[PDB]
Amino acid sequence: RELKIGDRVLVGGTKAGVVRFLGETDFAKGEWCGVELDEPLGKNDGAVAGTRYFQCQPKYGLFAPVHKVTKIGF
Amino acid sequence: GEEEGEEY
């Protein structure tokens, strides 16, 4: 039961958002995921190292692994 | 804890 774009989840377990993109990063090794935070609790605006993986509001883009992310819709 | 610092 992996994650799908447009699904509600938690980035890092403490942050909440919606999955936008899933894949590796140009600055981090391994598999990563993109989640749009519900509030300004992120680090990027949907880009990393000059690479935009998805579109999201300012300080709403958070990049965290797929295992670190979980669906909030219990 | 469930590990932290794995997000950007």
# chains A, B, ... in the order shown; residues from 1 in each chain; ligands from 1
>>> residues_around(residues="range 2-7 of chain B", least_positions_apart="3", cutoff="9 Å", atoms="only C-alpha atoms", output="ChimeraX atom specification")
/A:11-13,32,43,62-65,68
>>> closest_residue(among="A:20, A:61, A:37, A:3", to="chain B", atoms="only C-alpha atoms")
A:61
>>> select_by_dssp(residues="chain A", states="strand (DSSP E or B)", output="mmCIF file with N, CA and C atoms, in the first residue's frame")
data_model
loop_
_atom_site.group_PDB
_atom_site.id
_atom_site.type_symbol
_atom_site.label_atom_id
_atom_site.label_comp_id
_atom_site.auth_asym_id
_atom_site.auth_seq_id
_atom_site.Cartn_x
_atom_site.Cartn_y
_atom_site.Cartn_z
ATOM 1 N N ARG A 8 -3.931 12.487 0.989
ATOM 2 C CA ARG A 8 -3.566 13.164 2.227
ATOM 3 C C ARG A 8 -2.592 12.311 3.030
ATOM 4 N N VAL A 9 -1.503 12.925 3.475
ATOM 5 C CA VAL A 9 -0.495 12.211 4.244
ATOM 6 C C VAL A 9 0.234 13.137 5.208
ATOM 7 N N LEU A 10 1.230 12.585 5.894
ATOM 8 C CA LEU A 10 2.029 13.354 6.834
ATOM 9 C C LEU A 10 3.501 13.266 6.469
ATOM 10 N N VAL A 11 4.117 14.411 6.225
ATOM 11 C CA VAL A 11 5.532 14.446 5.875
ATOM 12 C C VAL A 11 6.381 14.544 7.136
ATOM 13 N N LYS A 15 4.405 16.744 10.183
ATOM 14 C CA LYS A 15 3.806 17.653 9.213
ATOM 15 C C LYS A 15 2.737 16.940 8.394
ATOM 16 N N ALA A 16 1.722 17.686 7.971
ATOM 17 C CA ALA A 16 0.637 17.120 7.176
ATOM 18 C C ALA A 16 0.546 17.797 5.817
ATOM 19 N N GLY A 17 0.216 17.016 4.794
ATOM 20 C CA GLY A 17 0.101 17.562 3.457
ATOM 21 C C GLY A 17 -0.441 16.559 2.459
ATOM 22 N N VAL A 18 -0.368 16.910 1.179
ATOM 23 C CA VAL A 18 -0.853 16.042 0.114
ATOM 24 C C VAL A 18 0.281 15.651 -0.830
ATOM 25 N N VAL A 19 0.368 14.365 -1.145
ATOM 26 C CA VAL A 19 1.403 13.874 -2.044
ATOM 27 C C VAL A 19 1.266 14.517 -3.420
ATOM 28 N N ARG A 20 2.382 14.982 -3.967
ATOM 29 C CA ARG A 20 2.379 15.628 -5.273
ATOM 30 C C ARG A 20 3.289 14.900 -6.255
ATOM 31 N N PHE A 21 4.446 14.458 -5.775
ATOM 32 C CA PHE A 21 5.399 13.744 -6.617
ATOM 33 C C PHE A 21 6.196 12.732 -5.804
ATOM 34 N N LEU A 22 6.613 11.650 -6.447
ATOM 35 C CA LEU A 22 7.386 10.616 -5.768
ATOM 36 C C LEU A 22 8.588 10.194 -6.605
ATOM 37 N N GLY A 23 9.772 10.261 -6.006
ATOM 38 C CA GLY A 23 10.983 9.884 -6.711
ATOM 39 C C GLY A 23 12.237 10.321 -5.979
ATOM 40 N N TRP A 32 12.616 9.560 -2.498
ATOM 41 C CA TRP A 32 11.972 10.629 -1.746
ATOM 42 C C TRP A 32 10.573 10.908 -2.286
ATOM 43 N N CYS A 33 9.796 11.686 -1.538
ATOM 44 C CA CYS A 33 8.437 12.024 -1.945
ATOM 45 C C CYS A 33 8.134 13.496 -1.678
ATOM 46 N N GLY A 34 7.172 14.032 -2.420
ATOM 47 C CA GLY A 34 6.787 15.420 -2.266
ATOM 48 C C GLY A 34 5.380 15.563 -1.721
ATOM 49 N N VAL A 35 5.235 16.319 -0.640
ATOM 50 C CA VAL A 35 3.930 16.525 -0.026
ATOM 51 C C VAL A 35 3.654 18.009 0.195
ATOM 52 N N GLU A 36 2.472 18.452 -0.217
ATOM 53 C CA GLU A 36 2.078 19.845 -0.053
ATOM 54 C C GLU A 36 1.494 20.062 1.335
ATOM 55 N N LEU A 37 2.209 20.814 2.161
ATOM 56 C CA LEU A 37 1.771 21.082 3.523
ATOM 57 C C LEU A 37 0.522 21.957 3.546
ATOM 58 N N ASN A 44 10.834 24.343 1.287
ATOM 59 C CA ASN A 44 10.883 24.794 -0.100
ATOM 60 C C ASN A 44 9.481 25.054 -0.643
ATOM 61 N N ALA A 47 10.452 23.019 -4.940
ATOM 62 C CA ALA A 47 11.651 22.851 -5.750
ATOM 63 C C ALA A 47 12.851 22.467 -4.889
ATOM 64 N N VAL A 48 13.862 21.880 -5.520
ATOM 65 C CA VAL A 48 15.066 21.460 -4.815
ATOM 66 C C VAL A 48 16.298 21.582 -5.707
ATOM 67 N N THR A 51 15.501 22.486 -9.025
ATOM 68 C CA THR A 51 14.670 21.511 -9.722
ATOM 69 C C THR A 51 13.275 21.453 -9.107
ATOM 70 N N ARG A 52 12.275 21.870 -9.878
ATOM 71 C CA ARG A 52 10.895 21.863 -9.404
ATOM 72 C C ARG A 52 10.227 20.524 -9.701
ATOM 73 N N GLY A 61 6.028 23.357 0.418
ATOM 74 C CA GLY A 61 6.650 22.189 -0.181
ATOM 75 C C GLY A 61 7.599 21.479 0.765
ATOM 76 N N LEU A 62 7.311 20.212 1.045
ATOM 77 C CA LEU A 62 8.148 19.413 1.933
ATOM 78 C C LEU A 62 8.518 18.089 1.271
ATOM 79 N N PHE A 63 9.814 17.805 1.207
ATOM 80 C CA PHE A 63 10.301 16.577 0.589
ATOM 81 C C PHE A 63 10.727 15.556 1.639
ATOM 82 N N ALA A 64 9.989 14.451 1.732
ATOM 83 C CA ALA A 64 10.313 13.398 2.689
ATOM 84 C C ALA A 64 10.121 12.015 2.070
ATOM 85 N N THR A 70 2.925 9.014 5.705
ATOM 86 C CA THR A 70 1.813 8.113 5.978
ATOM 87 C C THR A 70 0.480 8.811 5.731
ATOM 88 N N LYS A 71 -0.513 8.044 5.295
ATOM 89 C CA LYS A 71 -1.835 8.595 5.023
ATOM 90 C C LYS A 71 -2.541 8.977 6.321
#
>>> closest_residue(among="A:56, A:41, A:49, A:66", to="residue 14 in chain A", atoms="only C-alpha atoms")
A:41
>>> closest_residue(among="A:53, A:59, A:73, A:42", to="chain B", atoms="only C-alpha atoms")
A:42
>>> decode(residues="chain B", atoms="N, CA, C and O atoms", output="PDB file, in the first residue's frame")
ATOM      1  N   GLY B   1      11.324   8.179  19.624  1.00  0.00           N
ATOM      2  CA  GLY B   1      11.051   8.975  18.442  1.00  0.00           C
ATOM      3  C   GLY B   1      11.070   8.149  17.170  1.00  0.00           C
ATOM      4  O   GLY B   1      11.668   7.074  17.129  1.00  0.00           O
ATOM      5  N   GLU B   2      10.413   8.653  16.130  1.00  0.00           N
ATOM      6  CA  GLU B   2      10.357   7.956  14.850  1.00  0.00           C
ATOM      7  C   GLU B   2      11.370   8.537  13.870  1.00  0.00           C
ATOM      8  O   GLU B   2      11.111   8.619  12.669  1.00  0.00           O
ATOM      9  N   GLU B   3      12.525   8.941  14.390  1.00  0.00           N
ATOM     10  CA  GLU B   3      13.579   9.515  13.563  1.00  0.00           C
ATOM     11  C   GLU B   3      13.117  10.822  12.923  1.00  0.00           C
ATOM     12  O   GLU B   3      11.969  10.943  12.492  1.00  0.00           O
ATOM     13  N   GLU B   4      14.018  11.797  12.867  1.00  0.00           N
ATOM     14  CA  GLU B   4      13.706  13.096  12.280  1.00  0.00           C
ATOM     15  C   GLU B   4      14.889  13.628  11.480  1.00  0.00           C
ATOM     16  O   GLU B   4      16.018  13.163  11.639  1.00  0.00           O
ATOM     17  N   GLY B   5      14.624  14.605  10.619  1.00  0.00           N
ATOM     18  CA  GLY B   5      15.678  15.182   9.805  1.00  0.00           C
ATOM     19  C   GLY B   5      15.814  14.504   8.457  1.00  0.00           C
ATOM     20  O   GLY B   5      16.839  14.636   7.789  1.00  0.00           O
ATOM     21  N   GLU B   6      14.777  13.774   8.053  1.00  0.00           N
ATOM     22  CA  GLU B   6      14.789  13.073   6.773  1.00  0.00           C
ATOM     23  C   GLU B   6      13.895  13.772   5.762  1.00  0.00           C
ATOM     24  O   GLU B   6      13.397  13.144   4.832  1.00  0.00           O
ATOM     25  N   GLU B   7      13.683  15.069   5.944  1.00  0.00           N
ATOM     26  CA  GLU B   7      12.834  15.821   5.031  1.00  0.00           C
ATOM     27  C   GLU B   7      13.422  17.197   4.732  1.00  0.00           C
ATOM     28  O   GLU B   7      14.159  17.759   5.542  1.00  0.00           O
ATOM     29  N   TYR B   8      13.091  17.729   3.561  1.00  0.00           N
ATOM     30  CA  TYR B   8      13.584  19.035   3.143  1.00  0.00           C
ATOM     31  C   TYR B   8      12.463  19.876   2.544  1.00  0.00           C
ATOM     32  O   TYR B   8      11.285  19.504   2.722  1.00  0.00           O
TER      33      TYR B   8
END
